[PDB]
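So this block is work_36.csv, CSV, C-alpha atoms:
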```
chain,number,residue,atom,x,y,z
A,1,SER,CA,0.0,0.0,0.0
A,2,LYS,CA,0.8,3.6,0.4
A,3,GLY,CA,-1.8,3.3,3.2
A,4,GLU,CA,1.0,1.3,5.0
A,5,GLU,CA,3.4,4.3,4.8
A,6,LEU,CA,1.1,6.3,7.0
A,7,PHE,CA,1.7,3.9,9.9
A,8,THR,CA,5.5,3.6,9.9
A,9,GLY,CA,6.0,5.8,13.0
A,10,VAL,CA,4.0,6.7,16.0
A,11,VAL,CA,0.6,8.1,15.2
A,12,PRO,CA,-1.7,10.3,17.4
A,13,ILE,CA,-5.1,8.8,18.0
A,14,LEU,CA,-8.5,10.4,18.9
A,15,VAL,CA,-11.6,8.4,19.8
A,16,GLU,CA,-15.1,10.0,20.2
A,17,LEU,CA,-18.2,7.8,21.0
A,18,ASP,CA,-21.7,9.0,21.4
A,19,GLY,CA,-23.9,6.4,23.2
A,20,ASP,CA,-27.5,5.7,24.0
A,21,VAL,CA,-28.3,2.5,26.1
A,22,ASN,CA,-31.9,2.1,27.2
A,23,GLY,CA,-32.2,6.0,26.9
A,24,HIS,CA,-29.1,6.7,28.9
A,25,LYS,CA,-27.2,9.2,26.7
A,26,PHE,CA,-23.4,9.3,27.3
A,27,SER,CA,-20.2,10.4,25.6
A,28,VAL,CA,-16.6,9.1,25.7
A,29,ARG,CA,-13.5,10.8,24.5
A,30,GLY,CA,-10.1,9.0,24.2
A,31,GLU,CA,-6.6,10.2,23.3
A,32,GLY,CA,-3.2,8.6,22.9
A,33,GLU,CA,-1.0,7.0,20.2
A,34,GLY,CA,-0.4,3.9,18.1
A,35,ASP,CA,2.7,2.2,16.8
A,36,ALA,CA,1.8,-0.4,14.1
A,37,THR,CA,5.4,-1.4,13.7
A,38,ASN,CA,5.1,-3.0,17.1
A,39,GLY,CA,1.4,-3.6,17.1
A,40,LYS,CA,1.0,-1.5,20.2
A,41,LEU,CA,-1.3,1.2,21.4
A,42,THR,CA,-1.9,3.3,24.5
A,43,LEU,CA,-5.1,5.3,25.2
A,44,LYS,CA,-6.9,7.1,28.0
A,45,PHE,CA,-10.7,7.4,27.9
A,46,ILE,CA,-12.9,9.8,29.8
A,47,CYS,CA,-16.7,9.7,30.2
A,48,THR,CA,-17.4,13.4,29.5
A,49,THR,CA,-21.0,13.2,30.6
A,50,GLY,CA,-20.2,12.1,34.1
A,51,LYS,CA,-20.6,8.5,35.4
A,52,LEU,CA,-20.5,5.9,32.6
A,53,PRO,CA,-23.9,4.0,32.7
A,54,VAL,CA,-22.3,0.7,31.5
A,55,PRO,CA,-19.1,-1.1,32.6
A,56,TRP,CA,-15.9,0.1,30.8
A,57,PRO,CA,-14.9,-3.4,29.7
A,58,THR,CA,-18.1,-3.7,27.6
A,59,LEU,CA,-16.9,-0.8,25.4
A,60,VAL,CA,-13.3,-1.9,24.8
A,61,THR,CA,-13.8,-3.5,21.4
A,62,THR,CA,-15.9,-0.6,20.2
A,63,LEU,CA,-13.3,2.1,21.3
A,64,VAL,CA,-8.5,0.8,15.5
A,65,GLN,CA,-7.4,-2.5,14.0
A,66,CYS,CA,-5.3,-0.5,11.5
A,67,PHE,CA,-2.7,-0.5,14.3
A,68,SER,CA,-2.2,-4.3,14.1
A,69,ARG,CA,1.3,-5.6,13.3
A,70,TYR,CA,1.1,-7.6,10.1
A,71,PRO,CA,4.3,-9.7,9.6
A,72,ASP,CA,6.2,-9.2,6.5
A,73,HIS,CA,5.0,-12.4,4.8
A,74,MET,CA,1.3,-11.2,5.4
A,75,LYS,CA,1.4,-7.6,4.2
A,76,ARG,CA,-0.7,-8.4,1.2
A,77,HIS,CA,-3.6,-9.3,3.7
A,78,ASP,CA,-3.9,-6.0,5.7
A,79,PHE,CA,-7.2,-4.5,4.6
A,80,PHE,CA,-7.2,-1.9,7.4
A,81,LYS,CA,-4.1,0.0,6.3
A,82,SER,CA,-4.9,-0.4,2.6
A,83,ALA,CA,-8.1,1.7,3.1
A,84,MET,CA,-6.2,4.7,4.4
A,85,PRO,CA,-6.2,7.6,4.4
A,86,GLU,CA,-9.9,7.8,3.3
A,87,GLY,CA,-10.7,5.1,5.8
A,88,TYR,CA,-13.3,2.4,6.5
A,89,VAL,CA,-16.8,2.1,8.1
A,90,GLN,CA,-16.8,-0.4,10.9
A,91,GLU,CA,-20.3,-1.8,12.0
A,92,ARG,CA,-21.0,-4.3,14.8
A,93,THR,CA,-23.8,-6.0,16.5
A,94,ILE,CA,-22.7,-7.1,20.0
A,95,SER,CA,-25.3,-9.5,21.5
A,96,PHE,CA,-25.0,-9.9,25.3
A,97,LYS,CA,-26.3,-13.4,26.3
A,98,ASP,CA,-29.6,-13.3,28.2
A,99,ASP,CA,-29.4,-9.4,28.1
A,100,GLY,CA,-29.4,-6.5,25.6
A,101,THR,CA,-27.6,-5.7,22.3
A,102,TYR,CA,-25.3,-2.9,21.2
A,103,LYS,CA,-25.3,-1.8,17.5
A,104,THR,CA,-22.3,0.3,16.5
A,105,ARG,CA,-21.3,2.3,13.4
A,106,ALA,CA,-17.9,4.0,13.3
A,107,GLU,CA,-15.7,5.8,10.7
A,108,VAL,CA,-11.9,5.2,11.1
A,109,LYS,CA,-9.9,7.6,9.0
A,110,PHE,CA,-7.1,10.3,9.1
A,111,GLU,CA,-8.0,13.9,9.9
A,112,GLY,CA,-4.7,15.6,9.1
A,113,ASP,CA,-2.1,13.6,11.0
A,114,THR,CA,-4.5,12.1,13.5
A,115,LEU,CA,-6.2,8.7,13.1
A,116,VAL,CA,-9.8,9.3,14.3
A,117,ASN,CA,-12.3,6.7,15.4
A,118,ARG,CA,-15.7,8.4,15.5
A,119,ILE,CA,-18.5,6.1,16.8
A,120,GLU,CA,-22.3,6.0,17.3
A,121,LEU,CA,-23.5,3.3,19.7
A,122,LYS,CA,-27.2,2.4,20.4
A,123,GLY,CA,-28.1,-0.2,23.0
A,124,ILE,CA,-31.5,-1.7,23.5
A,125,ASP,CA,-33.3,-4.3,25.6
A,126,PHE,CA,-30.9,-4.2,28.5
A,127,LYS,CA,-32.0,-5.6,31.9
A,128,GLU,CA,-32.1,-2.7,34.3
A,129,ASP,CA,-30.6,-4.9,37.0
A,130,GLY,CA,-28.6,-7.3,34.9
A,131,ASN,CA,-24.9,-7.6,34.6
A,132,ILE,CA,-24.4,-4.5,32.4
A,133,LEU,CA,-26.8,-1.8,33.7
A,134,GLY,CA,-26.3,-3.2,37.2
A,135,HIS,CA,-22.5,-2.9,37.0
A,136,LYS,CA,-21.7,-6.5,38.0
A,137,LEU,CA,-18.7,-6.9,35.7
A,138,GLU,CA,-15.1,-7.0,36.9
A,139,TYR,CA,-12.6,-4.4,35.7
A,140,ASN,CA,-10.3,-6.5,33.6
A,141,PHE,CA,-10.0,-8.0,30.1
A,142,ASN,CA,-8.2,-11.0,28.5
A,143,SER,CA,-6.5,-12.1,25.2
A,144,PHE,CA,-8.6,-13.1,22.2
A,145,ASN,CA,-8.1,-14.3,18.6
A,146,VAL,CA,-10.2,-12.3,16.1
A,147,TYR,CA,-10.8,-14.3,12.9
A,148,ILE,CA,-10.8,-12.2,9.7
A,149,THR,CA,-12.4,-13.2,6.4
A,150,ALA,CA,-12.9,-11.5,3.1
A,151,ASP,CA,-16.4,-10.5,2.4
A,152,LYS,CA,-17.4,-13.1,-0.1
A,153,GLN,CA,-19.4,-10.9,-2.4
A,154,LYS,CA,-18.3,-7.4,-1.6
A,155,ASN,CA,-15.1,-5.3,-1.0
A,156,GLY,CA,-14.4,-5.5,2.7
A,157,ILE,CA,-14.0,-7.9,5.5
A,158,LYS,CA,-16.0,-9.6,8.2
A,159,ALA,CA,-15.3,-11.0,11.7
A,160,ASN,CA,-17.4,-12.8,14.4
A,161,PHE,CA,-15.9,-13.6,17.9
A,162,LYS,CA,-16.9,-14.0,21.5
A,163,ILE,CA,-15.8,-11.8,24.4
A,164,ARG,CA,-16.3,-13.3,27.9
A,165,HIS,CA,-16.5,-10.8,30.7
A,166,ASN,CA,-16.0,-12.0,34.3
A,167,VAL,CA,-18.9,-11.3,36.6
A,168,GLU,CA,-18.6,-10.6,40.3
A,169,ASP,CA,-20.2,-13.9,41.3
A,170,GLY,CA,-17.7,-16.1,39.5
A,171,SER,CA,-19.8,-16.5,36.3
A,172,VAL,CA,-19.1,-15.2,32.8
A,173,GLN,CA,-21.1,-12.8,30.7
A,174,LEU,CA,-20.9,-13.5,27.0
A,175,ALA,CA,-20.8,-10.8,24.3
A,176,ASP,CA,-21.1,-12.2,20.8
A,177,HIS,CA,-19.6,-9.9,18.2
A,178,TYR,CA,-20.6,-9.7,14.5
A,179,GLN,CA,-18.5,-7.2,12.5
A,180,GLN,CA,-18.4,-5.8,9.0
A,181,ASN,CA,-15.9,-3.3,7.5
A,182,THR,CA,-16.2,-1.6,4.2
A,183,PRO,CA,-14.0,1.1,2.6
A,184,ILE,CA,-15.1,4.8,2.5
A,185,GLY,CA,-13.2,5.6,-0.7
A,186,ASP,CA,-13.3,4.1,-4.1
A,187,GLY,CA,-9.7,3.1,-4.8
A,188,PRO,CA,-8.3,-0.4,-4.6
A,189,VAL,CA,-8.1,-2.3,-1.3
A,190,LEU,CA,-6.5,-5.5,-0.2
A,191,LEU,CA,-8.9,-8.5,0.3
A,192,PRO,CA,-7.3,-10.9,2.7
A,193,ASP,CA,-7.0,-14.8,2.8
A,194,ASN,CA,-8.4,-16.2,6.1
A,195,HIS,CA,-6.3,-15.2,9.1
A,196,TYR,CA,-6.7,-13.9,12.7
A,197,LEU,CA,-5.6,-11.1,15.0
A,198,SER,CA,-4.0,-12.1,18.2
A,199,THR,CA,-5.1,-9.5,20.7
A,200,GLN,CA,-4.1,-8.6,24.2
A,201,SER,CA,-5.6,-5.8,26.4
A,202,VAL,CA,-4.7,-4.5,29.8
A,203,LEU,CA,-6.9,-2.0,31.8
A,204,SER,CA,-5.8,0.3,34.6
A,205,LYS,CA,-6.7,3.4,36.4
A,206,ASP,CA,-4.8,6.7,36.7
A,207,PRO,CA,-4.4,7.4,40.4
A,208,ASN,CA,-4.5,11.2,39.8
A,209,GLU,CA,-7.7,11.1,37.7
A,210,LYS,CA,-10.9,11.8,39.5
A,211,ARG,CA,-13.2,11.6,36.4
A,212,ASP,CA,-14.7,8.2,35.4
A,213,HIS,CA,-12.1,6.8,33.0
A,214,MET,CA,-10.1,3.9,31.6
A,215,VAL,CA,-6.5,3.6,30.7
A,216,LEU,CA,-5.8,0.9,28.1
A,217,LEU,CA,-2.7,-0.7,26.7
A,218,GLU,CA,-3.2,-3.1,23.7
A,219,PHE,CA,-0.9,-5.3,21.6
A,220,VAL,CA,-2.2,-6.8,18.3
A,221,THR,CA,-0.4,-9.1,15.9
A,222,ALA,CA,-1.8,-10.8,12.7
A,223,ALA,CA,-1.2,-14.5,12.3
A,224,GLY,CA,-2.2,-17.7,10.5
A,225,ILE,CA,-1.0,-17.5,6.9
A,226,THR,CA,1.4,-20.2,5.6
A,227,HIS,CA,2.5,-18.8,2.2
A,228,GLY,CA,4.2,-15.6,0.9
A,229,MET,CA,7.8,-15.9,2.2
A,230,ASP,CA,10.6,-15.0,-0.2
```
Would you kindly transcribe this structure into structure tokens?
Amino acid sequence: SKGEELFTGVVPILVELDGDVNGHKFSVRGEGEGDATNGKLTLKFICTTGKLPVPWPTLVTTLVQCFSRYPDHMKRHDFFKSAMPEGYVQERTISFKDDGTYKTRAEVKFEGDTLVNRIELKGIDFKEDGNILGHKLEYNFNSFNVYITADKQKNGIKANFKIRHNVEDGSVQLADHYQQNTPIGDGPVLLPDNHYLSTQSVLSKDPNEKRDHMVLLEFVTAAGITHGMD
């Protein structure tokens, strides 16, 4: 790509999310930076409307897979960077087992030198005293493999995967993710062979921050392609 060239160094990131879950309206803003060469990013998120009405871990996947490290032998399979700078639309349905559903639409693109993720999230049918609206989820995350496939009649990619959030009573809350990404612009993109993204996330708190917030460190490497060396 020349989309690839845009990620050779450290890139500033801005994330803005506008949310509505059972009529609770909220906003989140995140800032930090990404380094695709090492598949690493660092971000701090603030709930700008006050107290966040859902648990922070439930928003992680919604809150820039263009910062994945693709190994050399797999560069031909990186849709996310090939869509830059014009970007891509990322849509999900996140279905919480025995509870509500989030639907998300985001545009991920450059605005000047900053990579921007701008999201709208709508959440419906949540149980007012279930694990989500009742804040019964632990503050932690885990590592996941996200399987990527080429959209079979169209010009983007797809992914489905399960996130498992720990609940405070020792159980797990499932969040089944269905994802589609499609380019904003018109010019050629890379359509990948089947592979996956090996993802790891660590959450923390800033001892000096008294707003409702999440600090996040993430490492993401692509894997699972046998051919393309030398």
Excluding residue A:219 and its own-chain neighbours fewer than 4 positions away, which residues fall within 9 Å of it when counting all atoms listed in the file? Please give them as an mmCIF file with C-alpha atoms, in the frame of the given file.
```
data_model
loop_
_atom_site.group_PDB
_atom_site.id
_atom_site.type_symbol
_atom_site.label_atom_id
_atom_site.label_comp_id
_atom_site.auth_asym_id
_atom_site.auth_seq_id
_atom_site.Cartn_x
_atom_site.Cartn_y
_atom_site.Cartn_z
ATOM 1 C CA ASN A 38 5.100 -3.000 17.100
ATOM 2 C CA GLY A 39 1.400 -3.600 17.100
ATOM 3 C CA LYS A 40 1.000 -1.500 20.200
ATOM 4 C CA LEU A 41 -1.300 1.200 21.400
ATOM 5 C CA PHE A 67 -2.700 -0.500 14.300
ATOM 6 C CA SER A 68 -2.200 -4.300 14.100
ATOM 7 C CA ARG A 69 1.300 -5.600 13.300
ATOM 8 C CA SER A 198 -4.000 -12.100 18.200
ATOM 9 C CA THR A 199 -5.100 -9.500 20.700
ATOM 10 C CA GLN A 200 -4.100 -8.600 24.200
ATOM 11 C CA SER A 201 -5.600 -5.800 26.400
#
```
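The residue that comes closest to residue A:223, out of A:24, A:29, A:103, A:73 and on the basis of all atoms listed in the file, is A:73.
When atom CA of residue A:48 is paired with atom CA of residue A:119, their separation reads 14.7 Å.
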Exercise for the section: Can you pull out every residue within 12 Å of residue A:131, counting only C-alpha atoms, but drop anything in the same chain fewer than 6 positions away, and send it as JSON, numbers by chain? Expected result: {"A": [53, 54, 55, 57, 58, 96, 97, 98, 99, 100, 137, 138, 165, 166, 167, 168, 169, 171, 172, 173, 174, 175]}
Restrict the selected residues to C-alpha atoms and save them as a PDB file, keeping the file's coordinate frame.
```pdb
ATOM      1  CA  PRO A  53     -23.900   4.000  32.700  1.00  0.00           C
ATOM      2  CA  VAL A  54     -22.300   0.700  31.500  1.00  0.00           C
ATOM      3  CA  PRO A  55     -19.100  -1.100  32.600  1.00  0.00           C
ATOM      4  CA  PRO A  57     -14.900  -3.400  29.700  1.00  0.00           C
ATOM      5  CA  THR A  58     -18.100  -3.700  27.600  1.00  0.00           C
ATOM      6  CA  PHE A  96     -25.000  -9.900  25.300  1.00  0.00           C
ATOM      7  CA  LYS A  97     -26.300 -13.400  26.300  1.00  0.00           C
ATOM      8  CA  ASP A  98     -29.600 -13.300  28.200  1.00  0.00           C
ATOM      9  CA  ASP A  99     -29.400  -9.400  28.100  1.00  0.00           C
ATOM     10  CA  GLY A 100     -29.400  -6.500  25.600  1.00  0.00           C
ATOM     11  CA  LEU A 137     -18.700  -6.900  35.700  1.00  0.00           C
ATOM     12  CA  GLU A 138     -15.100  -7.000  36.900  1.00  0.00           C
ATOM     13  CA  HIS A 165     -16.500 -10.800  30.700  1.00  0.00           C
ATOM     14  CA  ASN A 166     -16.000 -12.000  34.300  1.00  0.00           C
ATOM     15  CA  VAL A 167     -18.900 -11.300  36.600  1.00  0.00           C
ATOM     16  CA  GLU A 168     -18.600 -10.600  40.300  1.00  0.00           C
ATOM     17  CA  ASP A 169     -20.200 -13.900  41.300  1.00  0.00           C
ATOM     18  CA  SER A 171     -19.800 -16.500  36.300  1.00  0.00           C
ATOM     19  CA  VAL A 172     -19.100 -15.200  32.800  1.00  0.00           C
ATOM     20  CA  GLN A 173     -21.100 -12.800  30.700  1.00  0.00           C
ATOM     21  CA  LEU A 174     -20.900 -13.500  27.000  1.00  0.00           C
ATOM     22  CA  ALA A 175     -20.800 -10.800  24.300  1.00  0.00           C
TER      23      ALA A 175
END
```
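For the pair atom CA of residue A:111 and atom CA of residue A:183, the interatomic distance is 15.9 Å.
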